[PDB]
Structure formats: structure tokens, C-alpha cells
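S.K.: Protein sequences appear in the order of chains A and A'. A prime marks a further copy of an entry chain.
Here the deposited numbering is used: position 99 in the first sequence is 99, and no number is missing along the way.
Here the deposited numbering is used: position 28 in the second sequence is 28, and no number is missing along the way.
By construction, the Cβ of each residue, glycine as well, lies at the ideal position given by its N, Cα and C atoms.
Number of protein chains: 2
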Amino acid sequence: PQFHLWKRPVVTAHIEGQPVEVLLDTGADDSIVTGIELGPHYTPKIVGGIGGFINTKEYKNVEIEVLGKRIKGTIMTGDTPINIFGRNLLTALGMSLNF
Amino acid sequence: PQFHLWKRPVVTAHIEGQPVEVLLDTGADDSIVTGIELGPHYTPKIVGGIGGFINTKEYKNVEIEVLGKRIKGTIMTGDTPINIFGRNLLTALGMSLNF
Ligand SMILES: *[C@@H](CO)COc1ccc([N+](=O)[O-])cc1
Ligand SMILES: *[C@@H](CO)COc1ccc([N+](=O)[O-])cc1
């Protein structure tokens, strides 16, 4: 199945049972979500994007249900204006960019 | 043909004959390049990303050669740390996200 990119490619994902609307982004190496609570077992990171960088909390082996599959992967939480699933997860889901 | 996302999906594009290395990004609505010179016929814009927003120069109907096709589309130039082709162009190229 595939997303045609006329509209933003957005899905609903369950991260540790919490539902979140995420943008699937081939231009992110990482995934970063906000408004989810995931533990005190994190390592601090800073990731950069267009306007500069942000502080994040890297959480490993989180549980994620999306597109009828349950995968485990690294998620960061931080003050992103949009939740994205980077390439770290898109590869876990077998996604390719096709033309 | 398709990109498998184990590596960043990067191509070389010719924009008004200038070669530029670009990241194909399904999470960008817009394309923004730096280090290219494109005219004084632009409209000012500001686009936001992760660390905040940036000032851009929107140029319309620019000439772009990429993946064996010559398309025309809107390109912005501004101080991006990475050059990306947003969804405005990926649709011009018939790209879908497949799984
Ligand atoms: C597309 C979605 O906004 C942009 O992706 C990136 C911007 C900046 C960087 N970086 O500075 O490393 C990577 C990806
Ligand atoms: C993925 C590549 O870095 C991120 O894409 C976006 C970040 C932020 C926004 N926004 O604030 O509208 C859009 C896309």
C-alpha cells in the first residue's frame, strides 16, 4: 500500500499504549514525539532541524503499534511542533520511497 | 526504482544548471536549498522546522533536472543546514512512500 504525497503522510501510532498522530518523514534520522510520558530511563540528546536545535530525551526499545505492526525502537520526546517517525522507525516498518 | 531508507535518500539535482546534493524529505511541504543564486524575482517567506523558523526567498517556476526529468517548481533559498526537496517537488516526480 503507499502514501501518495499530495497530503502530509500522517498516521496514528500507539506508543506504550498512548495514541499519537505522527508524520512519517524520510528526512529525519530520528523520531521525536511530544505530549507522551515515557519513563525516567532516558539519555539526554539535542537534535537539530531548520530553525536550530532542541533538547530531547532518548528512550530505547519503546513499544510502538502502527500500520498493523508492533515494533520496538528508539523514540525521543521533546518540544517538537510536529511529531515525526524518522528513518530509524520507517525502516523497522519496511517503507521505501518509490518512483 | 526506490530508495530503501537505511541511508539518507540523497540525490544530485541541477537547479538552473547549478548541481546541488538534496535530501528527499516526505516531511517537508516546501523545498529549500542554499548556496544557489536564483534572481531578484522572489517573494520573502519564513518557514519553521525543529529548532525554530528561518527567512527564505521563494522563487517560482525554477528549472530542475533530477532523476532523469526536467520539471519546473517553487524552490526557496535560505540558510538551511541541509538542502531538501519537500513534497511540492516529490509529487512532481511521482514519488510515493510504499510499504
Ligand atoms: C525535512 C523536514 O523538515 C528536513 O530535515 C532535516 C533538516 C536538518 C537536518 N540537519 O541539520 O541535520 C536534518 C534533516
Ligand atoms: C522532519 C525533517 O526534519 C520534520 O518536518 C517538520 C518539522 C516541523 C514542521 N512544522 O513545524 O510545521 C513541519 C515539518
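Does the count of Cβ pairs from the stretch 54 to 66 of chain A and the stretch 34 to 45 of chain A' closer than 8 Å reach three?
M.R.: Cβ pair count under 8 Å is below three, so no.
S.K.: Indicate whether at least one CB of chain A lies closer than 8 Å to the CB of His4 (chain A').
M.R.: Your numbering for residue 4 (chain A') matches position 4 in the second sequence. Answer yes: the Cβ-Cβ gap between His4 (chain A') and chain A drops below 8 Å somewhere.
S.K.: Which residues in chain A sit within 7 Å of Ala13 (chain A'), going by Cβ to Cβ distance?
M.R.: Start at 1 with the first residue of the second sequence, and residue 13 (chain A') comes out as number 13. Simply none; closest approach about 14 Å.
S.K.: Note down the Cα distance separating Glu16 (chain A') from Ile46 (chain A'), rounded to an integer number of angstroms.
M.R.: Along the second sequence, one-based indexing puts residue 16 (chain A') at 16. Along the second sequence, one-based indexing puts residue 46 (chain A') at 46. C-alpha separation (whole angstroms): 23 Å.
S.K.: Would you say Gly52 (chain A) touches ligand 1, meaning its beta carbon is less than 7 Å from a heavy atom?
M.R.: Reading the first sequence from its first residue, position 52 is the one you call residue 52 (chain A). False, no ligand heavy atom lies under 7 Å from that Cβ.
S.K.: If the cut is a Cβ gap below 8 Å, which residues of chain A' does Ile75 (chain A) touch?
M.R.: For the purposes of this step, residue 75 (chain A) is taken as the residue at position 75 of the first sequence. What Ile75 (chain A) touches in chain A': nothing, since even the nearest Cβ is about 15 Å away.
S.K.: Hey, how far is the Cα of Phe85 (chain A) from the Cα of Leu23 (chain A)?
M.R.: Position 85 of the first sequence, counting from 1, holds the residue named residue 85 (chain A). Position 23 of the first sequence, counting from 1, holds the residue named residue 23 (chain A). Cα to Cα, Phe85 (chain A) sits roughly 6 Å from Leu23 (chain A).
S.K.: In the stretch 36 to 69 of chain A, which residue ranges form an unbroken beta strand (DSSP E) of at least 3 residues, counting only runs that do not cross its ends?
M.R.: Segments of the beta strand (DSSP E) lying fully in the stretch 36 to 69 of chain A: 43 to 49, 52 to 66.
S.K.: Say whether chain A' places a C-beta atom closer than 8 Å to the C-beta of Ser31 (chain A).
M.R.: Locating residue 31 (chain A) in the first sequence gives position 31, counting from the first residue. No, no contact with chain A'.
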